[PDB]
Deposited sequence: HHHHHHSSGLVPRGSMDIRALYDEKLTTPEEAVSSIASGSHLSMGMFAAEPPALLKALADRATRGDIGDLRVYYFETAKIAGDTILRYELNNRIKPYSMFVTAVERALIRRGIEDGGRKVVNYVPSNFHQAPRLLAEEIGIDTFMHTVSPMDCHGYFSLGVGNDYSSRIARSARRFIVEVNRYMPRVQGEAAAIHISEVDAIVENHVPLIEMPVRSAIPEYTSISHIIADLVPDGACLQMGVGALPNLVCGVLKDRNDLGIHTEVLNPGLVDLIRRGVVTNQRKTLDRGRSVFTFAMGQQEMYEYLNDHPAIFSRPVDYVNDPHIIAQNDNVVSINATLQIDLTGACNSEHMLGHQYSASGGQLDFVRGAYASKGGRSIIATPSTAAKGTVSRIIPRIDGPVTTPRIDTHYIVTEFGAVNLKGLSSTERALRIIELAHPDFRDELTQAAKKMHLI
């Protein structure tokens, strides 16, 4: 059982690692920070040379890594983006694609994040999976590090699995997170710091918002927080608490700070007791290092983590997410132009709470985020919404009539807009 022998046998450069990937096939890669820069650069340039064509890349959550390599607009005709969710990177691509004689450059695949493993593995098929990893330990194992999501399944379903060993990637314990060297097909090495999530400051409203939310957080709450400044800031108010759990889609700096403070203990959880569960992690270097070899952290695949039935097995689940607009019905919209699983789970949880939070206004006070009607397709439907919060307060929509709902939602609007909004509600016959 010589591991060092296999490693040196699979060790290679990006160029030959990616060389055998056929044209017309399906590739996928880790989410965000698990996107393998050297493997990707090697693939981009292979495409640039017109060496490979007709490659669909299926993925969730793209960053500049894939953005600046294999998803460059120029490569579009050879490496086709099948985005299962639109990021700023695809908004860039779509925009540039219209101002080019209205060509279609992004193929959107409509998908539930929690079904991604089944979709990619069984419905779509993935022939090549590529993922950054932590370095092979003494037992012959790499860790998927910050990723678990769908990767832990695709890494094994893909006919070929290629990993870019990066010492900067934390060794992270998780279900199927550890991968034996016999499970890997090729290895390139590339120790480079990991990409980061930008810290962005507390709007003054976040202060009042984060304080309404904390009183909505029960004893022994089991948290899921969205990535964002508001949620991060909310954890800042929870430094006060004890015995919180974590069962979250994304592990973020704010949550990790609660672990580091001994606030998060996971001793009240029914599932994964004693461990914080997330399906992937995003943050800054500080978070990344603190994750390495952490014994009270456990990544799980998304079809476990984001399964409402699983989420609801923990008592007092608290799910806190941001949206851009809330309407008077009051559905919610978080699209500029996944969390729903927790919206459902949190309410199903015994003593659970789903909280969708937002500033009532933007554009220095000129634009109301509380609107009459989302046009058109909402991200959280009106029948799913539980609690909503603005700096003007919180309301539980469940069981409210269209009338009760519009009235309480107006009260949460900026008073500057309460007038128009009451008028809009009257023409709509919401009231």
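Counting from 1 along the deposited sequence, give me every gap where there's no C-alpha, start to finish. Several regions go unmodelled: 1-15, 353-361.
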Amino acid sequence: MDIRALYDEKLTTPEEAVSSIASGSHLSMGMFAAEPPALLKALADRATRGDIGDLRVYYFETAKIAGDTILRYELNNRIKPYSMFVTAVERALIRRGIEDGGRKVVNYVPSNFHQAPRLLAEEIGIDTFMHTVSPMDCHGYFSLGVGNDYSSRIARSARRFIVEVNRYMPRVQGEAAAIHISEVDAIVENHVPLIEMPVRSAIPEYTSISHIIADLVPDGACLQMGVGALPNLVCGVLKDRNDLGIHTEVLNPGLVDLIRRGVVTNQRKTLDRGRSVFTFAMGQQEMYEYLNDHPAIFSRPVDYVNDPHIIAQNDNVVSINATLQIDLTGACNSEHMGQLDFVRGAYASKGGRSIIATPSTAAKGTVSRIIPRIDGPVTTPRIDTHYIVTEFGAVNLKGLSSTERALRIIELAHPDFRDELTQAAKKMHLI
From here on, numbers count along this sequence of modelled residues.
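Averaging the C-alpha B factors as listed in the entry, name the stretch that ends up higher: 359-367 or 396-404. The stretch with the larger mean CA B-factor is 359-367.
Segment of higher mean CA temperature factor, 299-307 or 73-81: According to the PDB entry, the answer is 73-81.
Looking at 179, 233, 277, 256, which one carries the largest C-alpha B-factor according to the PDB entry? The listed residue with the largest C-alpha B-factor is 233.
Of the residues 110, 145, 102, 135, the one carrying the largest Cα B-factor as recorded: Of the candidates given, the C-alpha B-factor peaks at 102.
C-alpha B factor of residue 198, ranked within the chain: lowest, middle or highest third? It falls in the top third of the chain.
Name the third of the chain's ranked CA B-factors that contains residue 383, choosing lowest, middle or highest. As the PDB entry reports it, the C-alpha B-factor of residue 383 lands in the lowest third of its chain.
Hey, what third does residue 247 fall into on Cα B-factor, ranked over its chain? Ranked within chain, residue 247 CA B lands in the lowest tercile.
Compare the C-alpha B factor of residue 174 with those of the other modelled residues in its chain, then answer lowest, middle or highest third. As the PDB entry reports it, the C-alpha B-factor of residue 174 lands in the lowest third of its chain.
Rank-wise, by C-alpha B-factor, drop residue 117 into the lowest, middle or highest third of its chain. Residue 117: CA B-factor falls in the lowest third of its chain.
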